[PDB]
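Asker: After the structure tokens below, expect a handful of questions from me.
Nothing in this text is a laboratory measurement; each read-out follows from the coordinates by a stated rule. Virtual Cβ from ideal backbone geometry, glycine too; neighbours counted across all protein chains shown.
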Amino acid sequence: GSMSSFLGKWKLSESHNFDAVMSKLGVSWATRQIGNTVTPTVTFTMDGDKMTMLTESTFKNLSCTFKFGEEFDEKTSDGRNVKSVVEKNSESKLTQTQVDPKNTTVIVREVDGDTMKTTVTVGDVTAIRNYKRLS
Ligand SMILES: CCCCC/C=C\C/C=C\C/C=C\C/C=C\CCCC(=O)O
């Protein structure tokens, strides 16, 4: 219920054009390289009206918890302090916009069966990241 398809765990399987989006984010060379190697595992759980998305890689394990529509501060993996809002588009889709003062990153995550497609957009640049559902 409310993001039922999002519940559970997810491992990255493919990433296309990701160095473009986060060169544009000014992510350092070194953190970008790690971004291009590691395959995070994100977990969602819905807990009442608050959803939590945990990301686990060898780099960092970050997690954050949000109401939909409700702005909230966040530290990104790379280290930018951003103001985020996650909107519910549908039951199989949500959209996390991330505002720092240099750029705004929009992150569409969309569940379709065993795939969650994560589209990441900074201005005119776009990367797509697919996660295969675990178990
Ligand atoms: C612990 C984080 C692991 C991710 C890779 C590590 C570093 C990459 C560096 C910067 C990434 C910065 C911005 C990209 C914005 C959103 C990506 C999350 C999409 C997803 O949910 O796939």
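Asker: By how many nm would the segment from residue 83 to residue 45 grow when fully extended, if each residue of separation counts as 0.36 nm and the alpha-carbon distance is taken off?
Answerer: 11.5 nm
Asker: Could you give the semi-axes, largest first, of the ellipsoid that matches the chain, computed as the square roots of 5 times the alpha carbon gyration tensor eigenvalues and rounded to whole Å? Present the calculation step by step, with values, prior to reporting the outcome.
Answerer: Working: eigenvalues 94, 60, 38 Å².
Working from the Cα gyration tensor, I get semi-axes of 22, 17, 14 Å.
Asker: Between residue 16 and residue 70, what is 0.36 nm times their sequence separation minus the Cα-Cα distance? Round to one decimal in nm.
Answerer: Gain on stretching residue 16 to residue 70: 16.5 nm.
Asker: Tally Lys/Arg at +1 and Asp/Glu at -1 over every other residue whose Cβ is under 11 Å from the Cβ of residue 89; what's the total? Please report the intermediate quantities before stating the final value.
Answerer: Values: positive: 88, 93, 109; negative: 87, 91, 110.
In short, 0.
Asker: Size of the dipole of the chain about the Cα centre, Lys and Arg at +1 and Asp and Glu at -1 on the beta carbon, nothing else charged, in debye to 20? Intermediate values should be presented prior to the final figure.
Answerer: Values: 18 positive and 17 negative charges, 58 e Å.
Dipole size: approximately 280 debye.
Asker: Per 0.36 nm of contour for each residue apart, how much would the distance between residue 33 and residue 128 grow if the chain were fully extended, relative to their Cα-Cα spacing?
Answerer: Length gained between residue 33 and residue 128: 32.5 nm.
Asker: Can you pull out the trypsin sites (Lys or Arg not before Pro) in the range 84-135 whose DSSP state is coil and whose Cβ has at most 13 other Cβ atoms within 10 Å?
Answerer: Qualifying residues, ordered by number: 102.
Asker: Would you compute, from DSSP H runs of 4+ residues alone, the mean residue ellipticity of the chain at 222 nm, taking -39500 (n - 2.57) per run and dividing by the full residue count, rounded to the nearest 500?
Answerer: Helix contribution divided over all residues of the chain: -3000 deg cm²/dmol.
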